[PDB]
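Read the structure below first, then the notes.
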There are 2 protein chains.
Amino acid sequence: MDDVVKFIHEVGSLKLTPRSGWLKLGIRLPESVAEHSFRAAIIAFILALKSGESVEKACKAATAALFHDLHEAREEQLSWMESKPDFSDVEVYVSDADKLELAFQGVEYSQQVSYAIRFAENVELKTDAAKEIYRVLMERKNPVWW
Amino acid sequence: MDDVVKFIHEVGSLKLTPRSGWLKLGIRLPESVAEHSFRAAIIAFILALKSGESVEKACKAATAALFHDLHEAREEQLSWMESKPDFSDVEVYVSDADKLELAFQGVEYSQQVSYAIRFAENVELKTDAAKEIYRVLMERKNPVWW
């Protein structure tokens, strides 16, 4: 259980790892990698459901999105598993959800620094579900949800 | 797709919501709710696997942990689903993973403010998997993973 404890401490370092792209825009306390992966996981869940997947598969897409950026704390990191979860069939949702998360955040930061919108423009998405959410996101450009 | 877009913007507000318990300890830029739910989801995944669950079920525990704190941005929030994902059978992992995440973070913040250790003490966990990770966490008290 020692290596599992080390891995959990290690996962916490993503709370301390800035999404660095925003820093040159002058955004001083940007989202962390953990924050990005949080919302990307929830978007991947939505993408899968909208693409006709079961809830069980949508949960796999979420989890795969959570695991996707763990390497940015540094296989290897995952040695404490002998095996090796199979995410190959939800990687499309993860890829699209990561890009859409970026675009959401670009829209949201554009209220402080107009240029942040660039991060949300010209995004290339693969799934129709992702392209539909993206269209609406860009047609509203309204991060006020309350 | 408009209400789904609003919900995704709304999910981003958890990146802006401090885990408030740490604030009175003098910790000025504490983990956000999103950061907490990120690592709690990964711990729930581990708990499920260690408790003899399939990877598919472990992914459901992760996702359930991700959804668990979404209400802190404010059912209702989830109206854009007609139905209603069934997480009842992984709620035990979510409950334990949320507490363990807290204890990890208490150990980690204890290097800046000794009192933060209190948050990791006297934690009541239900599963044997959670109790084993907790024991090792408290026996090492070493957040240096690198």
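I need a count of the residues in region B:24-47 that are crowded, with 18+ Cβ neighbours inside 10 Å and charged (D, E, K, R).
3
Could you tell me whether any residue of region B:49-57 is more than 14 Å from the chain's Cα centre (by Cα), within 7 Å of another protein chain (Cβ to nearest Cβ) and closer than 18 Å to A:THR63 by Cβ? Walk me through it before giving the result.
Going residue by residue through region B:49-57, those that are more than 14 Å from the chain's Cα centre (by Cα) are B:49-57.
Right, trim to within 7 Å of another protein chain (Cβ to nearest Cβ) and you get B:55-56.
Narrowing the set further to residues that are closer than 18 Å to A:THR63 by Cβ leaves B:55-56.
The answer is yes; a qualifying residue exists.
Condition check: facing chain B (nearest Cβ under 10 Å), buried (at least 17 other Cβ atoms within 10 Å of the Cβ) and either at negative phi or not polar (S, T, N, Q) (or both). Does A:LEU137 satisfy that?
Numbers: facing chain B (nearest Cβ under 10 Å): yes; buried (at least 17 other Cβ atoms within 10 Å of the Cβ): yes; either at negative phi or not polar (S, T, N, Q) (or both): yes.
Spelling it out, A:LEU137 is indeed facing chain B (nearest Cβ under 10 Å), buried (at least 17 other Cβ atoms within 10 Å of the Cβ) and either at negative phi or not polar (S, T, N, Q) (or both).
Can you tell me which residue is nearest to the chain's Cα centre (by Cα) among those in region B:37-48 that are facing another protein chain (nearest Cβ under 7 Å) and over 30 Å from A:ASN142 (Cβ atoms)? Reasoning before the result, please.
Of all residues in region B:37-48, those facing another protein chain (nearest Cβ under 7 Å) come to B:37-39, B:41-43, B:45-46.
Next, from what is left, pick out any that are over 30 Å from A:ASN142 (Cβ atoms): B:39, B:42-43, B:45-46.
On the way: B:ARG39: 6, B:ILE42: 8, B:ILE43: 8, B:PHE45: 11, B:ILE46: 12 Å.
Out of the qualifying residues, it is B:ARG39.
Report whether or not A:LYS50 is surrounded by fewer than 24 Cβ atoms within 10 Å (Cβ to Cβ), closer than 18 Å to A:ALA130 by Cβ and of a type in the set (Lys, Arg). Spell out the reasoning first.
Working: surrounded by fewer than 24 Cβ atoms within 10 Å (Cβ to Cβ): yes; closer than 18 Å to A:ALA130 by Cβ: yes; of a type in the set (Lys, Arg): yes.
Criteria met by A:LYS50.
Is it true that some residue in region A:120-130 is at the interface with another protein chain (Cβ under 10 Å from one of its Cβ atoms) and either within 18 Å of the chain's Cα centre (by Cα) or surrounded by 14 or more Cβ atoms within 10 Å (Cβ to Cβ) (or both)? Give the steps one after another, and end with the answer.
The first filter runs over region A:120-130 and keeps only residues at the interface with another protein chain (Cβ under 10 Å from one of its Cβ atoms), leaving A:129.
Still in the running and either within 18 Å of the chain's Cα centre (by Cα) or surrounded by 14 or more Cβ atoms within 10 Å (Cβ to Cβ) (or both): A:129.
Yes, region A:120-130 has at least one match.
I'm checking my understanding of the structure. Among residues of region A:4-22 that are of a type in the set (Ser, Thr, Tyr) and within 16 Å of the chain's Cα centre (by Cα), which one is farthest from B:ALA34 (Cα to Cα)? Can you show your working first?
From region A:4-22, those of a type in the set (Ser, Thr, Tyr) are A:13, A:17, A:20; that's our starting set.
Keeping just the survivors that are within 16 Å of the chain's Cα centre (by Cα) gives A:17, A:20.
Working: A:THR17: 14, A:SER20: 18 Å.
Top of the filtered list is A:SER20.
Has region A:27-36 got any residue that is over 16 Å from B:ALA61 (Cβ atoms), more than 8 Å from every other protein chain (Cβ to nearest Cβ), among the hydrophobic types (A, V, I, L, M, F, W, C) and part of a loop (DSSP other than H, G, I, E, B)? Talk me through it step by step, then tell me what you get.
At the first step, the residues of region A:27-36 found to be over 16 Å from B:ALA61 (Cβ atoms) are A:27-36.
This time we only want the ones that are more than 8 Å from every other protein chain (Cβ to nearest Cβ), so: A:27-28, A:30, A:33, A:36.
Add one more test, that the residue is among the hydrophobic types (A, V, I, L, M, F, W, C), and what stays is A:27, A:33.
The next check asks that each one be part of a loop (DSSP other than H, G, I, E, B); those that pass are A:27.
Yes.
Each reported figure results from applying straightforward, stated rules to the coordinates on display, with no laboratory input. Backbone-built Cβ (ideal geometry, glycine too); neighbour counts: all protein chains shown.
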